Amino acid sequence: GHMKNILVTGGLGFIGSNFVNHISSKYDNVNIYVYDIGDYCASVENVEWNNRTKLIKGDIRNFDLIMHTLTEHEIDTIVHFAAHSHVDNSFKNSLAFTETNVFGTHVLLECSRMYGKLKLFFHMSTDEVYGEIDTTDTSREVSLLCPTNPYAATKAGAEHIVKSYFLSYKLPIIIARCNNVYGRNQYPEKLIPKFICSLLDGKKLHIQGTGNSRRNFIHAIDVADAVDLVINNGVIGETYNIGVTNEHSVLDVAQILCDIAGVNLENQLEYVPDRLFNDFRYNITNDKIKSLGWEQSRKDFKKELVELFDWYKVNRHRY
């Protein structure tokens, strides 16, 4: 399309690698620079490497390496997936979220502003944030709801700065928000792959608290397609929600995976301490992204988890 050289931050990770493999198989003209710090949730084997795919090892906070990359590889598009992932009950956990999600995003934006040649800065965000739209003008966000935990506050803070680069300097940003993603290439510490891999290794499923927490789950293939559509067709400066209706509690998910595994839910569940923080996901609409022509292609959650269960059976040794 209007993409020749793209910098995919976090391209060794779960969503980043799914996006990189989608672009490399759809658009054989596009040079893809995977920019990634290579931490434990990352894997070279997530990406189908070819003569278009190159790896740059670095932190998004590395101003000088980023400036070198944008100028020397003539980057037209940043696709920013490099957000912090690891949640735990230990002191300073949320600080790493601010350092990567707020400060790291900000370094990328300022580099982009100094470079001055970007055609698009695509920022990936989550349903931890709820953008309220102008009742006058539904293309326009006026406010974000107050996050209830510091993890979610770093996501809101990142979105405010990204948008401010467009409103102040005309940096060409687009933000997308996504539900919880499931699919191939996810390190098994998030619910679905952790439970699948636990069920494959004979072990019990850790239920934090009551197991009544609810998420919406969207397939990685539907996400990769939505991002592709928004990058190529989206209105610069706008935010796109990539939501589905596919809401399950933690216990609902345990039930489905136990059913797929041929084992009884009761005697698989071990109850474990709750997270210490307020953990609220928003139902986000998908009307704007549908008007771009996006259609959810993986609607049968049960059927997709059967396939993914078998994918981890073959591939989990990778992690």
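Numbering starts at 1 and follows the sequence shown.
Asks: Please work out which of 8 to 16 and 291 to 299 has the higher mean CA B-factor as recorded in the PDB entry.
Replies: Looking at the record's C-alpha B-factors, the answer is 291 to 299.
Asks: Once you work out the mean C-alpha B-factor for both 245 to 253 and 123 to 131 from the entry, which is higher?
Replies: Higher mean C-alpha B-factor in the PDB entry: 245 to 253.
Asks: Quiz for you: based on the deposited Cα B-factor, which of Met67, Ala42, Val34, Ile60 is highest?
Replies: Checking the PDB record, the top C-alpha B-factor among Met67, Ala42, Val34, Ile60 is at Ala42.
Asks: Could you check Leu205, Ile236, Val227, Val162 and tell me which one carries the biggest Cα B-factor in the deposited entry?
Replies: It is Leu205.
Asks: Lowest, middle or highest third: where is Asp137 by Cα B-factor in its chain?
Replies: Ranked within chain, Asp137 CA B lands in the highest tercile.
Asks: Among the chain's modelled residues, which third holds the C-alpha B-factor of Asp222?
Replies: Its C-alpha B-factor, which the entry lists for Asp222, ranks in the middle third among residues of this chain.
Asks: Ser90: which third of its chain by C-alpha temperature factor?
Replies: Highest third.
Asks: In terms of the chain's CA B-factor thirds, is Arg184 lowest, middle or highest?
Replies: Middle third - that is where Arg184 ends up once the chain's C-alpha B-factors are sorted.
Asks: Grab the CA temperature factor for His84 from the record and place it in the lowest, middle or highest third of its chain.
Replies: CA B-factor rank for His84: highest third.
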